[PDB]
Amino acid sequence: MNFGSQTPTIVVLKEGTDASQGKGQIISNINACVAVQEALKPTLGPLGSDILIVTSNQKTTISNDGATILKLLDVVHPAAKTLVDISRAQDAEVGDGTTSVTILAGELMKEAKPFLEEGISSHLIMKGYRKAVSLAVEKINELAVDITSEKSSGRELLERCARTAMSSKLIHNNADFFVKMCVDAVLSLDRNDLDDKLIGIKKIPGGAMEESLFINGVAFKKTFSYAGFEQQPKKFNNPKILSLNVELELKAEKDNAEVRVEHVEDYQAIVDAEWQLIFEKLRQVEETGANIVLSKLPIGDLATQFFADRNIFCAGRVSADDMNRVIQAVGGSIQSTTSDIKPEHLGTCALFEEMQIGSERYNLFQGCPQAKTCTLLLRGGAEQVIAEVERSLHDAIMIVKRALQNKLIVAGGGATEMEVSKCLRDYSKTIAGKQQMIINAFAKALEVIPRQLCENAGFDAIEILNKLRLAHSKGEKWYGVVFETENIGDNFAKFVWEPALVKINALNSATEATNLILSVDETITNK
Amino acid sequence: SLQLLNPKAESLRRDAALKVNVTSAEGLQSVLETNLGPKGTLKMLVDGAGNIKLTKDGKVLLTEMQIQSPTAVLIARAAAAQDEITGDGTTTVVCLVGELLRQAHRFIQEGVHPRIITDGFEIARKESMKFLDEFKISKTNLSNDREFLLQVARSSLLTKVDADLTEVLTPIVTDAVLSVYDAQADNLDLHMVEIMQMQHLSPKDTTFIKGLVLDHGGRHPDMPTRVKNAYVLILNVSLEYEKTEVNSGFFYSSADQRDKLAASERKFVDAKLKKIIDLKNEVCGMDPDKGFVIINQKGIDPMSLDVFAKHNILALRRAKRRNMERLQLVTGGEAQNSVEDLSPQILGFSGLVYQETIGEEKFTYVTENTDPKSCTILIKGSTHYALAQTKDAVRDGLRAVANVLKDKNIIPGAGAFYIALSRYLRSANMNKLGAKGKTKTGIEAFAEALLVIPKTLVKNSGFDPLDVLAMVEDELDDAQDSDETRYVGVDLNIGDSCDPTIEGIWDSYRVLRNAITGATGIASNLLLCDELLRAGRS
Amino acid sequence: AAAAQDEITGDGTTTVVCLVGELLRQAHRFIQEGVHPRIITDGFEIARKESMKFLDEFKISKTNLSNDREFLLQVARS
Amino acid sequence: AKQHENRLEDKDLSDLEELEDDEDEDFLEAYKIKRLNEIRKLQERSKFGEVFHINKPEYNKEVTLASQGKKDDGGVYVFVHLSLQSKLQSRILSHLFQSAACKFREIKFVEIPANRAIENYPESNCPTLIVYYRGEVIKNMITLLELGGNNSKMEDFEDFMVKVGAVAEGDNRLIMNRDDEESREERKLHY
Amino acid sequence: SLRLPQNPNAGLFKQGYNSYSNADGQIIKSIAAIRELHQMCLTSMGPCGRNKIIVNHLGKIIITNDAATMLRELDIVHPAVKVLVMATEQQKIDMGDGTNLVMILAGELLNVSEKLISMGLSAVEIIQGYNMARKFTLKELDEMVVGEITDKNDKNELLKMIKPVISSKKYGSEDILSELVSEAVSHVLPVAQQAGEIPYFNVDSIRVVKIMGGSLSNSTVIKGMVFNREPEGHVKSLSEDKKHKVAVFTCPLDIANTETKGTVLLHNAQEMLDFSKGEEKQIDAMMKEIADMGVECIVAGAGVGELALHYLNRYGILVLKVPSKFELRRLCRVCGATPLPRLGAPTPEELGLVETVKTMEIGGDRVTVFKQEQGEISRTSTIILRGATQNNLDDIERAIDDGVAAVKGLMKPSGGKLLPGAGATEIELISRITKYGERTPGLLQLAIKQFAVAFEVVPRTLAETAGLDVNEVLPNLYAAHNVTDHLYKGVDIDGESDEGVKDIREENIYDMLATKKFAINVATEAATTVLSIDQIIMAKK
Ligand SMILES: Nc1ncnc2c1ncn2[C@@H]1O[C@H](COP(=O)(O)OP(=O)(O)O)[C@@H](O)[C@H]1O
Ligand SMILES: Nc1ncnc2c1ncn2[C@@H]1O[C@H](COP(=O)(O)OP(=O)(O)O)[C@@H](O)[C@H]1O
Ligand SMILES: Nc1ncnc2c1ncn2[C@@H]1O[C@H](COP(=O)(O)OP(=O)(O)O)[C@@H](O)[C@H]1O
Ligand SMILES: Nc1ncnc2c1ncn2[C@@H]1O[C@H](COP(=O)(O)OP(=O)(O)O)[C@@H](O)[C@H]1O
Ligand SMILES: [Mg+2]
Ligand SMILES: [Mg+2]
Ligand SMILES: [Mg+2]
Ligand SMILES: [Mg+2]
């Protein structure tokens, strides 16, 4: 009846598919997040340390924020990918607190360890944190004071909040000069339409970072330059900027036109018609007096010798993102027809000068007060100093990006976490149930942000935190820790502020990161 | 159930275990089907060593070819165990278990239970035991009919060897068996009858010797070869040197004392030789006409052989345990171990003692006894397989004829026993029996399985097996009404029936009894088994 | 054989393999008894032709012109 | 296993119609729609079909840009010929380019004089055959002694195009696979 | 007695084929082996269920506590499990609700029938038993209905419909996600005094646009849609025109070229001079007609050329690619226009209306928002999800797909009436079937009783996930049904659940009639197949 000697049993899952039951896997998932958490533990704070990562392709990448550190390390574990997703989400939405949101997410998982060791299943502890966030977000809104009541100046607001962003970086001593760059850069943008692509920074080598300069114009980097370059004047007084999407090339990318002729006299006409058409396009541009011609697609060789004669500047092979930044500065839009041009579409600038830095040449527009864009030429010693300072000012721009939309001041230095925690402790004592110990653990998890500020500074943490617990018994606000005077005090007197969106999205993202892998008990991996 | 327990195993159950026992049975049956009968085919067995051994015995085929199947090893032990005590009926057990399984398996496919089928074989077996009492015939041994023993000897010898070897080797067995019967009527096969190998002129020159033949002779040339009247002496004492239980050095001091102590080696031997000389002085009369021979079970020192050679005493050393237990039966003397107490009564008698040698070996012949109580069968042969073929033929022939003298009955063969049980089981009233229910086919299955044996004899002759039973069936239909008790047979020469009473074909009593009993037990146990498996530590 | 049965007819494949298995079983029972395969197959053909002379008498004729639904349902149900 | 695959793999859109009466429609028409789509892709890729007698300024575009094609990595093979009219092998290779151009319309066939190609090129090394693909030189071939020399044939040139990955092995246009109609006629009669 | 004879049917079917018939023990091998995956769907059941992370061979990680999404990716070698796999997929594609009951009720019927097969009851009788029990179950569910709804238009009435469905998946978010789904359905349904005759509804009406970052409370409803796309050419006016006519062209805006390939042929140089202006005047004749009627937005599916984009920039016409064909027709439903592969000219009847189009960043990426106010819409809506992780937003999408699939399950048939949930009607069916088994004497009565015992897992699985003792609240719940008030008894999930009694109407937990009928039928048909098979034949790899 049977087909053969024996019949081995079937494994239900595929051969090699890992699976496990019980409380061991969720503890392993929590320990996996804590293992990723320990890498970013000493990074938190102004006195924190950077992290050096080298991937398989052997490209050095130094960073301080946890957004790109987790992007470099390709994470296999799904539970450890939760910290990476919120870090990119925090980087995409706000742009600040990418390290603290991962530390708070792991600390809630760390404080959930002994409750999971108890018989309480994960559906109780999820309800406690989810109930606590509903009061924490409201308490941050109640502690948010408005700036217009004092009738202060608007220029000093951006400088005050951007000073906090330049901590824990290479800039904190040179922040007196570079904070004016990003504040004046973002103010040139339109308040209604604030764009993230108009703040592109070129990774130009050479030079010290303090030698940079902020200009309302935009640069592009010299392009291919067929013979013709270094004959035109590289300095103009009031040049007219022109942009053309049409490809000025003698049938380079055009489709192959099958020309068929049957006469010798017409062969002289058809070969001169190529010269006749291309010169008609040059003469039409010549009549308008366009002193600076630009194009995304390449410029022909004959045009360079023609524009070199009448001191007309030309450049091609510009990218779409860089060319879009030019149009926001120089006014009129792009036209791809030489006959449909108009004087009114041309731009203008009060000064123009080409100067070399780092053995590279960059054309710089100058004197453009009507420009709704900006540029930054960060120069730096190595290549990672440029990239680190690049993403640092991108985070500084991200603070003033969101500060203009909504103007809310909140405490800093770990103070906002403690006023929220002690309020939840006052709310927890009236519960008298299982949710009391959970909310007290949520209050203990918010205390961790003051810890790493003190651990990286070298001072003992248990003594100073007990001093704050004695200080927060009475009514007090903007009470945290500082490092200059080596003694705690009023942060408002010390003049340090932050936005409220950083703390709100951090608590929601950290609790959502916690509830994702506390609402599971198994991780199956095929293959 | 076995795969999750054992990570590696094999399991057959409920259809393959039944097919295995039947397929292995039909496979092993086809091997020994052609050998059964007088016109069967011979079968040689050559291993990797290259030696050759030829015989038709199923035991030699089974106990020399290694077998892997779990069913056949039980058929091997069953075929071997039945033959090891009885000496006949080896292939008959294989054919019964080889046929009874396939004949019952057709009804297992129909859906009959194995338990009630084997219940029918057991109650049918009891009917055959009751039928053996009526089927057998009484024979009185006081007549001492030598022609009756000749016909029994040709039954087994014609099956193994041809008529040329049967006619010359038949009276060799009859003369050996004629001396077995005595007043005490105690049968003795292993001690009395023996077989010895000897490469000589041909197998046809096998002769019967009434006395005990020995495979050794006189070492020295001067010792006598032929002796007319030799009085034997049995001594189990060892007359060479003995190392003496921890005894160590003959600490000699001077050179003269060295050889003086070396001469004491002879004193222990000469103390025993003097008792033989004192015994020879009593029987010293007619010394040239008469003689004396000494047979020792252990070795004799070569220094002492010259003592026997001077007195013309024949010396034979290193005899077997069995030969010392046979000299009293042949020569009529008595055995002795120690040399202290001797007498002339223990000495035997022999009428002729001579030696003949070929190549390097030498044989001693003893014969012409006054009243020999035992004898030997010295078989001649050409090749080693010729001796092995004569070994199995004489081993199976002596056991078959010896069992006739044990009891007072004998069973005629040639299919008379199987054909008689067929009509008995198929015509007997079932109300007399205690079996009911689905035992209808169990009687028919075992009754029909017995018919395949006598036609297997026909399958070797080439005739049609179903047609040569037509007149056999018609004979028994009229024999019951004709008022004449006769038993039919199966003659393969002409392809017609015969009478084993006048032709001389016979079979022993305990062969067919133990065969069906051993076959029914093995076949029943194989049917009830419904699962095969292998498991263990290795 | 089951393919040619299912091709032209579309039913009765299980009867073909059982008849061939049983015919070889019942035939091999007699081949072991010393009978040649030739006369065994000769009897099957005479038995086959005898069944056609039994089948044509065993069948029954019905009138399908009425197109009754009860007969087609029970025939389809079988 | 291959007997089932030969019904579809070893038959073009013209040969697949042979199995319309024998094989199932859904089995056949499912593959004919697949092969019909492949034929449409080759028609869109047929941007060439005659030898492009170019000059140098243009080389920097025709030879190399083309090699990038769409840059969907739509690469395009570009066979260059540094012609030299004094050599006998050059005129032979020019005939092979025009013959292959009429067949393989997707592959670009480029020709230019060798004296105008490289400054002071060795005349002994001419004729030269270069094969560009995605801007990279796949093969820098030397004079045609490898391809038989003076006795070079069209069959040898088509075999070289298969080695560099320009044409598939089982392409119906290759003379090795494009059996004559009289050849297939004898096979059907003797089958 | 060392090597076996090796099963002499080995001349038959190859070694790769494995037979696992009965008598040998197939049923015992199967019902058991599948208990591992039965616990997977059992642990993921209820509002407190645990989601399961499934990493496929490609590496796309998913985390979903359903059953259809999990078993689709699990490569399962066991054939008897696969009967339960695609049987659950039938519930997903047809009704979109009840995947879990099916995987649980179908497996429990095999688990509870261990007593019937082990006692020695015939397998053929068990199939006849569950079939007759299935018929009695379908007839009896109609009598226990108390939620006969006839309005099915207003938003507050859907609180008894959508919120029980959303309360199962991620119980913590009820009011927020129910507001998004309920407000989406109100935008989908048209404004009318009496809409009848089975109005059309489809799952493709409500789409889900996933945006990275942002708390779940900050989400909002959009009547149009949102694409991750870069606008080109200009900035919008956003209040000046007050309304915009949007033309959707299947073919691109370019000179009409044929399918067969052509090229440019010029016999003389006179045509060479006019060819540069001929292409400009050709499109100008076709582009000027579009601007006369005031089409302030054009959507071309294929790639738009630069010559066509240049003429549109000066007039201030919005352009958009929309390469995929499925999402191209959904934009037409918003404006209320038809596709036009012909260029032609814009007509007033075929052109729709759109209020405004504005561009911003929601999660850092620039997107195009087609939100309109005071306009007429028909079967179109979107829900902008804000979340911390992409892994969590994937589960919100399927939860919304199951929510709107229930709307398809209501409006497509004539009645999608409610039933008491939270372990209320399941225990009632145990009492009905217990009384039904005594009415019909016969050997099949044992099958009728064991069919009722399989419904026990529904109440206790909510208690097991709640960390409660099954032997206390489950027998205490039977005492509450002794005797309307006894019908609305259910399983409580709270710290005060020691009593084990909570009224259903306080929170309005309800289930669908058609969902449970289709689930019980597919569950019985799944168990019918597994109990009917006896031999399972495998193959190599
Ligand atoms: N001037 C300051 N005084 C006190 N605390 C500060 C100051 N600047 C930054 N911090 C604290 O340092 C912590 C880490 O900031 P940092 O790591 O620089 O930003 P991010 O984590 O976004 O990269 C913040 O939680 C903040 O409270
Ligand atoms: N010459 C013969 N004529 C008829 N029957 C014979 C003859 N020789 C042997 N047989 C039958 O063959 C059978 C088997 O004989 P034997 O060889 O002694 O036993 P086994 O074959 O079991 O070793 C006996 O039943 C006997 O009747
Ligand atoms: N309900 C039934 N009762 C008794 N015999 C039946 C029944 N149905 C079919 N059979 C028998 O089974 C045989 C084969 O029928 P069927 O199973 O339909 O064909 P197949 O064996 O090729 O699948 C027929 O010869 C018929 O006699
Ligand atoms: N707050 C609550 N109180 C009581 N029962 C609840 C609550 N929330 C959800 N439930 C119950 O949890 C069950 C989950 O069922 P589910 O498997 O999601 O349904 P389906 O199988 O149709 O998708 C529902 O039947 C519901 O009655
Ligand atoms: Mg920061
Ligand atoms: Mg014998
Ligand atoms: Mg049928
Ligand atoms: Mg549901």
# chains A, B, ... in the order shown; residues from 1 in each chain; ligands from 1

$ residues_around --residues "stretch 478-489 of chain A" --least-positions-apart "6" --cutoff "10 Å" --atoms "only C-alpha atoms" --output "PyMOL selection string"
chain A and resi 46-47+143+410-419+450+453-454+457+459+464-465+467-468+471-472+495-497

$ write_last_selection --atoms "N, CA, C and O atoms" --output "mmCIF file, in the first residue's frame"
data_model
loop_
_atom_site.group_PDB
_atom_site.id
_atom_site.type_symbol
_atom_site.label_atom_id
_atom_site.label_comp_id
_atom_site.auth_asym_id
_atom_site.auth_seq_id
_atom_site.Cartn_x
_atom_site.Cartn_y
_atom_site.Cartn_z
ATOM 1 N N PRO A 46 25.763 68.055 24.994
ATOM 2 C CA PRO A 46 26.793 68.888 24.347
ATOM 3 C C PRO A 46 28.194 68.315 24.450
ATOM 4 O O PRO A 46 28.974 68.465 23.502
ATOM 5 N N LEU A 47 28.533 67.668 25.565
ATOM 6 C CA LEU A 47 29.845 67.063 25.766
ATOM 7 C C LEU A 47 29.915 65.624 25.238
ATOM 8 O O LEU A 47 30.895 64.918 25.501
ATOM 9 N N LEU A 143 2.669 74.394 29.291
ATOM 10 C CA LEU A 143 3.944 75.026 29.615
ATOM 11 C C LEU A 143 4.540 75.815 28.446
ATOM 12 O O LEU A 143 5.688 76.272 28.546
ATOM 13 N N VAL A 410 9.741 76.260 24.983
ATOM 14 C CA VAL A 410 9.709 75.194 25.973
ATOM 15 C C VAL A 410 11.102 75.069 26.577
ATOM 16 O O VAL A 410 12.108 75.422 25.958
ATOM 17 N N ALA A 411 11.146 74.571 27.810
ATOM 18 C CA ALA A 411 12.402 74.426 28.530
ATOM 19 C C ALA A 411 13.312 73.411 27.840
ATOM 20 O O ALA A 411 12.876 72.610 27.006
ATOM 21 N N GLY A 412 14.598 73.470 28.199
ATOM 22 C CA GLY A 412 15.606 72.587 27.647
ATOM 23 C C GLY A 412 16.565 72.108 28.723
ATOM 24 O O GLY A 412 16.461 72.488 29.892
ATOM 25 N N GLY A 413 17.499 71.263 28.294
ATOM 26 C CA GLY A 413 18.451 70.668 29.210
ATOM 27 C C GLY A 413 17.891 69.552 30.058
ATOM 28 O O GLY A 413 18.385 69.328 31.168
ATOM 29 N N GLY A 414 16.874 68.845 29.573
ATOM 30 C CA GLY A 414 16.215 67.815 30.347
ATOM 31 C C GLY A 414 15.201 68.314 31.353
ATOM 32 O O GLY A 414 14.719 67.514 32.164
ATOM 33 N N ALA A 415 14.855 69.603 31.323
ATOM 34 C CA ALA A 415 13.920 70.147 32.302
ATOM 35 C C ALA A 415 12.482 69.795 31.946
ATOM 36 O O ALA A 415 11.666 69.509 32.829
ATOM 37 N N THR A 416 12.153 69.811 30.649
ATOM 38 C CA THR A 416 10.784 69.548 30.217
ATOM 39 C C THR A 416 10.365 68.116 30.534
ATOM 40 O O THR A 416 9.189 67.852 30.809
ATOM 41 N N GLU A 417 11.314 67.178 30.498
ATOM 42 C CA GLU A 417 10.994 65.793 30.826
ATOM 43 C C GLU A 417 10.628 65.631 32.297
ATOM 44 O O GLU A 417 9.784 64.793 32.635
ATOM 45 N N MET A 418 11.239 66.426 33.182
ATOM 46 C CA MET A 418 11.034 66.250 34.615
ATOM 47 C C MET A 418 9.750 66.909 35.108
ATOM 48 O O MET A 418 9.086 66.359 35.993
ATOM 49 N N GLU A 419 9.385 68.075 34.566
ATOM 50 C CA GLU A 419 8.104 68.674 34.930
ATOM 51 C C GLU A 419 6.936 67.830 34.437
ATOM 52 O O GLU A 419 5.875 67.811 35.070
ATOM 53 N N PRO A 450 18.152 63.678 31.573
ATOM 54 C CA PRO A 450 19.110 64.321 32.490
ATOM 55 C C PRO A 450 20.330 63.479 32.842
ATOM 56 O O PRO A 450 21.365 64.061 33.192
ATOM 57 N N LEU A 453 23.318 63.687 30.168
ATOM 58 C CA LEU A 453 23.918 65.017 30.198
ATOM 59 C C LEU A 453 24.971 65.109 31.295
ATOM 60 O O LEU A 453 26.026 65.730 31.112
ATOM 61 N N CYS A 454 24.702 64.484 32.445
ATOM 62 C CA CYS A 454 25.626 64.520 33.573
ATOM 63 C C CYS A 454 26.718 63.464 33.459
ATOM 64 O O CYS A 454 27.846 63.698 33.907
ATOM 65 N N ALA A 457 29.332 64.725 31.082
ATOM 66 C CA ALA A 457 30.057 65.831 31.694
ATOM 67 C C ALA A 457 31.042 65.379 32.766
ATOM 68 O O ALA A 457 31.969 66.133 33.082
ATOM 69 N N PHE A 459 30.287 64.687 36.018
ATOM 70 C CA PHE A 459 29.742 64.852 37.356
ATOM 71 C C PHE A 459 28.834 63.679 37.711
ATOM 72 O O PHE A 459 28.245 63.027 36.845
ATOM 73 N N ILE A 464 23.008 65.089 41.867
ATOM 74 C CA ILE A 464 22.409 66.264 41.242
ATOM 75 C C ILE A 464 20.930 66.032 40.932
ATOM 76 O O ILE A 464 20.128 66.969 41.014
ATOM 77 N N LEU A 465 20.537 64.802 40.590
ATOM 78 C CA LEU A 465 19.126 64.537 40.311
ATOM 79 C C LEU A 465 18.280 64.617 41.574
ATOM 80 O O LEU A 465 17.132 65.069 41.520
ATOM 81 N N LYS A 467 18.908 66.660 43.932
ATOM 82 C CA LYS A 467 18.773 68.094 44.159
ATOM 83 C C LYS A 467 17.633 68.674 43.330
ATOM 84 O O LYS A 467 16.934 69.588 43.782
ATOM 85 N N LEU A 468 17.428 68.154 42.116
ATOM 86 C CA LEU A 468 16.313 68.613 41.291
ATOM 87 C C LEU A 468 14.980 68.094 41.812
ATOM 88 O O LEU A 468 13.963 68.789 41.705
ATOM 89 N N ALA A 471 14.149 70.411 44.375
ATOM 90 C CA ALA A 471 13.841 71.717 43.806
ATOM 91 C C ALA A 471 12.494 71.750 43.100
ATOM 92 O O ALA A 471 11.802 72.774 43.154
ATOM 93 N N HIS A 472 12.103 70.657 42.444
ATOM 94 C CA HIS A 472 10.830 70.579 41.739
ATOM 95 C C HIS A 472 9.643 70.293 42.664
ATOM 96 O O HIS A 472 8.515 70.154 42.177
ATOM 97 N N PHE A 495 19.129 81.756 29.152
ATOM 98 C CA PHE A 495 18.725 82.019 27.766
ATOM 99 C C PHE A 495 19.009 80.830 26.846
ATOM 100 O O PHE A 495 19.850 80.913 25.948
ATOM 101 N N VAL A 496 18.319 79.714 27.090
ATOM 102 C CA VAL A 496 18.319 78.556 26.198
ATOM 103 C C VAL A 496 16.877 78.100 26.011
ATOM 104 O O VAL A 496 16.154 77.878 26.991
ATOM 105 N N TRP A 497 16.454 77.987 24.748
ATOM 106 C CA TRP A 497 15.093 77.620 24.370
ATOM 107 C C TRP A 497 15.141 76.501 23.338
ATOM 108 O O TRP A 497 16.195 76.213 22.765
#

$ residues_near_ligand --ligand "ligand 6" --cutoff "9 Å" --atoms "only C-alpha atoms and all ligand atoms" --output "list in words"
residues 36, 37, 57, 87, 88, 89, 90, 91, 92, 155, 156, 157, 159, 160, 393, 396, 397, 400 and 507 of chain B

$ residues_around --residues "stretch 42-46 of chain B" --least-positions-apart "3" --cutoff "12 Å" --atoms "only C-alpha atoms" --output "number ranges by chain"
B: 31-39, 49-58, 60-66, 159-162, 385-386, 388-389, 460

$ write_last_selection --atoms "C-alpha atoms" --output "short mmCIF file (atom, residue, chain, number, x, y, z; two decimals), in the first residue's frame"
data_model
loop_
_atom_site.label_atom_id
_atom_site.label_comp_id
_atom_site.auth_asym_id
_atom_site.auth_seq_id
_atom_site.Cartn_x
_atom_site.Cartn_y
_atom_site.Cartn_z
CA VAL B 31 15.49 -21.85 -5.28
CA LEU B 32 14.77 -25.26 -3.72
CA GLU B 33 11.86 -26.18 -6.03
CA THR B 34 14.13 -27.61 -8.74
CA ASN B 35 16.29 -29.59 -6.28
CA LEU B 36 13.35 -31.58 -4.87
CA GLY B 37 13.03 -35.07 -6.35
CA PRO B 38 15.27 -37.66 -8.00
CA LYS B 39 15.69 -35.88 -11.36
CA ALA B 49 38.21 -18.54 -1.23
CA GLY B 50 37.60 -20.63 -4.38
CA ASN B 51 36.84 -23.99 -2.75
CA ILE B 52 34.06 -26.13 -4.26
CA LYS B 53 31.39 -28.17 -2.47
CA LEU B 54 28.55 -29.97 -4.26
CA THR B 55 25.30 -31.27 -2.75
CA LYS B 56 21.51 -31.15 -3.14
CA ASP B 57 20.77 -30.76 0.59
CA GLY B 58 18.79 -27.63 1.38
CA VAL B 60 23.96 -26.83 3.02
CA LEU B 61 22.47 -24.24 0.65
CA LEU B 62 20.88 -22.31 3.53
CA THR B 63 23.76 -22.57 6.05
CA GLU B 64 26.41 -21.42 3.51
CA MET B 65 24.74 -18.57 1.55
CA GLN B 66 24.27 -15.47 3.70
CA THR B 159 17.54 -38.68 -4.60
CA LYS B 160 21.09 -37.42 -4.01
CA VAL B 161 23.27 -39.55 -6.33
CA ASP B 162 22.62 -41.54 -9.51
CA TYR B 385 33.34 -31.75 -3.28
CA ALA B 386 32.97 -35.46 -4.05
CA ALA B 388 31.18 -33.40 0.63
CA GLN B 389 28.51 -34.87 -1.65
CA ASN B 460 11.79 -31.69 -12.76
#

$ select_by_dssp --residues "chain D" --states "strand (DSSP E)" --output "list in words"
residues 52, 53, 77, 78, 79, 80, 81, 82, 83, 108, 109, 110, 111, 112, 113, 128, 129, 130, 131, 132, 133, 136, 137, 138, 139, 140 and 141 of chain D

$ residues_around --residues "residue C:24" --least-positions-apart "6" --cutoff "12 Å" --atoms "only C-alpha atoms" --output "number ranges by chain"
C: 17-18, 30-32, 37, 40-41, 44

$ write_last_selection --atoms "C-alpha atoms" --output "PDB file, in the first residue's frame"
ATOM      1  CA  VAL C  17      -6.610  -1.460 -13.685  1.00  0.00           C
ATOM      2  CA  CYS C  18      -8.535  -3.787 -11.350  1.00  0.00           C
ATOM      3  CA  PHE C  30      -2.509 -21.257 -12.995  1.00  0.00           C
ATOM      4  CA  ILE C  31       0.872 -20.485 -14.599  1.00  0.00           C
ATOM      5  CA  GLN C  32       2.454 -21.632 -11.329  1.00  0.00           C
ATOM      6  CA  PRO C  37       0.214 -18.762 -21.207  1.00  0.00           C
ATOM      7  CA  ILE C  40      -4.842 -19.226 -20.941  1.00  0.00           C
ATOM      8  CA  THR C  41      -5.163 -16.189 -23.219  1.00  0.00           C
ATOM      9  CA  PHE C  44      -9.959 -15.130 -22.226  1.00  0.00           C
TER      10      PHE C  44
END

$ residues_near_ligand --ligand "ligand 3" --cutoff "8 Å" --atoms "only C-alpha atoms and all ligand atoms" --output "VMD selection string"
chain C and resid 10 to 15 78

$ write_last_selection --atoms "N, CA and C atoms" --output "compact mmCIF listing (two decimals), in the first residue's frame"
# COMPACT_ATOMS: atom_id res chain seq x y z
N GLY C 10 -14.21 8.38 -21.09
CA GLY C 10 -14.16 9.29 -19.97
C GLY C 10 -14.65 8.72 -18.65
N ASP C 11 -14.76 7.40 -18.53
CA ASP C 11 -15.22 6.77 -17.31
C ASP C 11 -14.81 5.31 -17.32
N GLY C 12 -14.57 4.77 -16.12
CA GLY C 12 -14.23 3.37 -15.95
C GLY C 12 -12.74 3.06 -15.91
N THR C 13 -11.89 4.04 -15.62
CA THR C 13 -10.46 3.78 -15.55
C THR C 13 -10.10 2.88 -14.37
N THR C 14 -10.83 3.00 -13.26
CA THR C 14 -10.52 2.18 -12.09
C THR C 14 -10.90 0.72 -12.32
N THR C 15 -11.89 0.45 -13.19
CA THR C 15 -12.24 -0.93 -13.50
C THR C 15 -11.20 -1.58 -14.41
N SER C 78 -25.89 8.46 -10.39
CA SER C 78 -25.04 7.29 -10.24
C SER C 78 -23.58 7.59 -10.59

$ residues_around --residues "residue B:274" --least-positions-apart "3" --cutoff "12 Å" --atoms "only C-alpha atoms" --output "count of residues only"
17

$ atom_distance --atom1 "atom CA of residue E:73" --atom2 "atom CA of residue E:53"
10.9 Å
